[PDB]
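# Examination of the molecular architecture
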Amino acid sequence: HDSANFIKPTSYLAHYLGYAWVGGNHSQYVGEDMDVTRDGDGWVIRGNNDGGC
Amino acid sequence: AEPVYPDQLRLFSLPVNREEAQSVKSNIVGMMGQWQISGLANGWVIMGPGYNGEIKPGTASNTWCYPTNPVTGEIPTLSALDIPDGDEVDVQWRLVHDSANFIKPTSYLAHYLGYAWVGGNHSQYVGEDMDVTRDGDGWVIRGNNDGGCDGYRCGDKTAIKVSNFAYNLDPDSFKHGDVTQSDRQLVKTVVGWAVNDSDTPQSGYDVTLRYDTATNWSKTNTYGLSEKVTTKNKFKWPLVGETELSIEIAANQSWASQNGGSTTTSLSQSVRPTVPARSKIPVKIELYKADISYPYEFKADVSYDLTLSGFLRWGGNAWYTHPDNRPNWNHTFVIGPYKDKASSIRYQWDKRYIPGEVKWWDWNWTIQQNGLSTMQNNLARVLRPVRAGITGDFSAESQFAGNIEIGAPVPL
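Residues numbered from 1 in each chain as written, not as in the entry; some residues may be left out. Chains lettered and ligands numbered in written order. Part of a larger assembly, values for the part shown. Heavy atoms only, no water.

The deposited coordinates derive from cryo-EM, with the record listing a resolution of 2.2 Å.

Our working definition: UniProt positions are given in the numbering used here, feature names are shortened, and annotations may be inferred rather than shown by experiment.
The PDB entry lists chain B under the name Aerolysin, with Aeromonas hydrophila as the source organism. The title attached to this entry in the PDB is "Aerolysin Wildtype in styrene-maleic acid lipid particles". Its UniProt record, at the heading Function, says of chain B: "Secreted, cytolytic toxin that forms pores in host membranes after proteolytic removal of a C-terminal propeptide, leading to destruction of the membrane permeability barrier and host cell death. The pores are formed by transmembrane beta-strands and are approximately 3 nm in diameter." Recorded in UniProt under Sequence similarities, the annotation for chain B is "Belongs to the aerolysin family."

The name given to chain A in the PDB entry is Aerolysin, and the organism recorded there is Aeromonas hydrophila.

## With respect to the overall build of chain A
To keep things clear, this is the line we draw: Think of it this way: any DSSP run of H or I at least four residues long counts as a helix, any run of E at least two long counts as a strand, and we number them from the N terminus. The globule rule used here is 2.2 Å times the number of residues to the 0.38 power, and the radius of gyration it is set against is calculated over C-alpha atoms. To sort residues, take the accessible area from a 1.4 Å probe on protein chains only and compare it with the maximum for the residue type: under 20% means buried, over 50% means exposed, and anything in between is partly exposed. Here, two residues are considered to be in contact whenever any of their heavy atoms come within 4.5 Å of each other.
Along chain A, the regular secondary structure elements total 1 helix and 2 strands. Ordered by position from the N terminus, the helices and strands of chain A form the series α-β-β. For 53 residues, the compact-globule estimate of 2.2 N^0.38 gives 10 Å, and chain A sits close to it at 11 Å. Taken over the C-alpha atoms alone, chain A extends approximately 30 × 25 × 20 Å along its principal axes. The buried share of chain A, taken over its 53 residues, is 25%. If you take every contact in chain A between residues at least 6 apart in sequence, the share linking residues at least 24 apart comes to 28%.

## Focus: the state of the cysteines
All names here are of chain B. For clarity, the cut-off: Any two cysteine sulfur atoms lying within 2.5 Å of each other are counted as a disulfide.
Tallying each qualifying case throughout the model produces 1 disulfide over all chains. Across the disulfide, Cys149 is cross-linked to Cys154 (sulfur-sulfur distance 2.0 Å). Judged by the sign of its S-S torsion, about 80°, the cystine formed by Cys149 and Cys154 is right-handed. With a relative accessible area of 39%, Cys149 lands in the partly exposed category.

## Description of empty space enclosed by the protein
Put simply, the rule is: Cavity: a set of points on a 1 Å grid over the protein atoms alone where a 1.4 Å probe fits but cannot get out. Pocket: an open set with protein on both sides within 12 Å along at least five of seven lines, its lining residues, like those of a cavity, having an atom within 4 Å of a point. Grid points are joined across faces, edges and corners, and a volume is the space filled by probe spheres set on the points. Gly is put with the polar residues, along with every residue not named as nonpolar or charged; the nonpolar set is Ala, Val, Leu, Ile, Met, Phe, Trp, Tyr, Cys and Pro, and the charged set is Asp, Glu, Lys and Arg.
Here the largest cavity defines a volume of roughly 80 Å³. Contributing to the lining of the largest cavity are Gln348, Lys351, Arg352, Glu357, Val358, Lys359, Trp360, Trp361, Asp362, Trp363 and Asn364 of chain B. Taken together, the residues of the lining of the largest cavity sort by class into 4 nonpolar, 2 polar and 5 charged. When its volume is computed, the second largest cavity comes out at roughly 50 Å³. In terms of lining residues, the second largest cavity is bounded by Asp33, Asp35, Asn48 and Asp50 of chain A together with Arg18, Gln22, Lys25 and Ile55 of chain B.

## Quick notes on the interface of chain A and chain B
For clarity, the cut-off: Computed with a 1.4 Å rolling probe, the buried area is the accessible surface lost when two parts are put together, summed over both parts. Just to be clear on terms, a salt bridge is a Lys or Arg side-chain nitrogen sitting within 4 Å of an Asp or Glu carboxyl oxygen. Whenever two N or O atoms come within 3.5 Å, that pair is a polar contact, provided that in protein one can donate a hydrogen and the other can accept it, and provided that, for residues adjacent in sequence, both atoms are side-chain atoms.
Taken together, the 10 residues of chain A in the interface contact 13 residues of chain B. Surface buried jointly by chain A and chain B totals about 920 Å² across both partners, of which 41% is contributed by carbon and sulfur atoms. Three residues stand out in chain A for area buried against chain B, namely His26, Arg38 and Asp50 of chain A, and they jointly supply 47% of the buried area on that side. On the surface where chain A and chain B come into contact, there are 4 salt bridges. The shortest N-O distance in the salt bridge between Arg18 of chain B and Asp35 of chain A comes to 3.3 Å. There are 7 residue pairs in polar contact connecting chain A and chain B.

## Quick notes on the packing of helix α4 (residues 99-112) of chain B against helix α7 (residues 372-382) of chain B
Residues and elements named next belong to chain B. So the rule is basically this: Comment: axis = line fitted to C-alpha atoms, over the contacting stretch for helices; angle = value between 0 and 180 degrees taken between N-to-C directions. Oblique is the label for any angle not under 35 degrees, not over 145, and not in the 65 to 115 range, which are roughly parallel, roughly antiparallel and roughly perpendicular in turn. Each helix crossing is assigned a hand: it is left-handed if the near helix lies turned anticlockwise from the far helix by less than a right angle, otherwise right-handed if that turn is clockwise.
For the pair α4 and α7, interaxial distance at closest approach is 9 Å and the crossing angle is 135°. The pairing of α4 with α7 is recorded here as oblique in orientation. The handedness of the crossing between α4 and α7 is left-handed. Counted together, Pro105, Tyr108, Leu109 and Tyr112 of α4 and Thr374, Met375, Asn378, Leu379, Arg381 and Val382 of α7 form the full contact between these two elements.

## A word on the packing of aromatic side chains
One pair of aromatic rings is described through two measures. These are the centre distance and the angle between the planes. Residues and elements named next belong to chain B. Note the following rule: A pair of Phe, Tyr and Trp rings is counted when the ring centres sit within 6.5 Å of each other, with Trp represented by its six-membered ring. The angle between the planes then sorts it: under 30 degrees is stacked, over 60 is edge-to-face, the rest tilted. Here, a charge over a ring means that NZ of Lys or CZ of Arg falls within 6 Å of the ring centre while also lying within 35 degrees of the ring normal.
Scanning the entire structure with this criterion turns up 15 aromatic pairs over all chains. Site record: aromatic cluster; members linked through ring pairs are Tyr115, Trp319, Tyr320, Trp329 and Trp361. The ring of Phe311 has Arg153 lying over it, and the distance from NZ or CZ to the ring centre is 4.3 Å. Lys280 extends its terminal NZ or CZ atom over the ring of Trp193, reaching a point 5.1 Å from the ring centre.

## Side note on the pattern of salt bridges
All chains considered together, the criterion is met by 17 salt bridges over all chains. Put simply, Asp197 of chain B and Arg278 of chain B hold a salt bridge, and the shortest N to O gap is 3.0 Å. A residue pair is termed long-range when its members are at least 10 positions apart, and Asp197 of chain B in the loop between β11 (180-196) and β12 (207-237) and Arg278 of chain B in the loop between β13 (241-271) and β14 (279-311) qualify at 81 residues. Classification of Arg278 of chain B by relative accessible area gives partly exposed; the value is 40%. The partner of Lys228 of chain B in a salt bridge is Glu248 of chain B, with the nearest N and O atoms 2.8 Å apart. Of the two residues, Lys228 of chain B sits in strand β12 while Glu248 of chain B sits in strand β13, which places them 20 residues apart along the sequence. Under the relative-accessibility criterion, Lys228 of chain B is labelled exposed at 53%. In this structure, a network of salt bridges that share partners links the residues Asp33 and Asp35 of chain A together with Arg18 of chain B.

## Side note on the nonpolar core
Residue and element names in this part refer to chain B. Going by this rule: Throughout this description, the term nonpolar core refers to a set of buried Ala, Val, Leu, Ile, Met, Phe, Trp, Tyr and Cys residues connected via side-chain atoms within 4.5 Å.
Residues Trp361 and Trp363 are the most contacted members of the largest nonpolar core, which totals 47 residues. Sorting elements by how many residues they give to this core places β14 first, with 7 residues. Filtering out sequence-adjacent residues up to four positions away, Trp361 remains in contact with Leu113, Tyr115, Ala318, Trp319, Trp329, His331, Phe333 and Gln348. Core analysis: the second largest hydrophobic core is formed by 15 residues, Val16, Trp44, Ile55 and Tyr66 among them.

Take a look at the structure:
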C-alpha cells in the first residue's frame, strides 16, 4: 500500500518494458488510480476500471 | 499507508483519503443508502450502492471522516482463574459448572454470533436455565427444555460442547511415584564372561542383545488386453494320410500399479565392563514384556476445544455470507495457543481491517450490532487463562522392561 516507494516504481517498470494500459480510468498518468487487493497468499495491483475509457 | 478500522469511521453532514477508502471500500459502501453520494478528502467523492461504489473526483454535501487519535480495539488480557486441585475429570467438572466465569460468557458469544435460542424455558434471559451433562470424554451445555415454549422452532436449542483438554506443565513441578509391573513374560536372556589376562585394565568388551518386530501391507491393480488370429486347413500328406493343420499367432499387453507401506519397532541393550588386570567379570542381560503403571502430579495451564452447534437466526447473524435460510451450523474454536486461522478468535479479530481475510465470522458486524467495548469485554472473559494442580495415574499394556548387570571381579 506504499505509493511512492512501491506502487509507482513498479508501474513504471511495466510501462517501460512495453505493457499496455498501466493505470486506472480516473487519471491520464502511469501508476495513478491503482486498486490493491488480497488474493489467496499474494496481492494484486491493477488500475481501476469502474468508469468508462 | 496506515490500517483503517471500519468501526472508527464517522459520517457527518456539516476526512478519509482515496487510498484509505479503497482498502476498506466494501465497509464504507455497505454503510450507505442506494443512490447516495458522500465526499472524501482532497476533491474526491465515494458513491454508494447503485453506482457500484465508484470513487471519482467531485464534490458532495456530506463527508466521510476518521478520527484524530484512533484506537486499535485489541482484546484485553485478564488475570488467571484458579481451580482447586484434583485429577483431570474433577478439574473439568469445576470449570464447566461455573456460571459467572464460564456458562454466561460462552452463551453470550454464541448469541452475539447469531445462534438461535441460547437459553432454557424458565427464563427470558441469555445463558439462564442451562443444563450441564457428561457425555463420553466431553461435556455438553444446553438450555433446559422440560416445560413449554413460544417461538418459531423454540424447541431447537443451541448446544455448547467442551472437549480435548490439554496441559502446559510448569517445568519444575512434575513428579512421579513408584513404577510397578505385572503380567511379565520373558522374551530372551544372555549370560557371559569378560576375561583379562593382560597386565593392564581393559575396557574393550561388548555384549549386545536386540529384538525387532514389524508389520506391512500392499495393494495392486492390473489391467490388460489380448489379440489372436488362427487358421485351419486340411491336407493329404504322405504315409499319414489326411491331416488337419492349424496355425495360431497371438499378442498381449498388460499394465500394473502398486502401493504399500510398513512399520518397525526395535529395542536393544548392551553391557561394556571395565575389567582389572589378571581378573574376570560375569555379565547378564534380560528382556521382558510387561504391563506398566505409576502415579504422577504437576501444576499447569488448562486449554480446550469449544464447539458451537445450532441454527443461525433469520434476522441476522455474523457468518460472512449472511445466510437467511436458517441452516444448521457447527464451528469449533481453540481456547488456548494458536493452531490454525479458522479456529483462532484473536487472529480473526486482529485482521478485521483486511477484507480478503474475512473467510469465517464477520467481527465488524458484531461490533456494529453490540458496541466495541461490549465485544471486547465478552471476548476477554471467554479467553481468560485457567490454572490448576493435577494428580493422576498412568497405565499401559505390553510395554518393554529390562535389566543389565555387571558383577564382582574374580582374581585369576
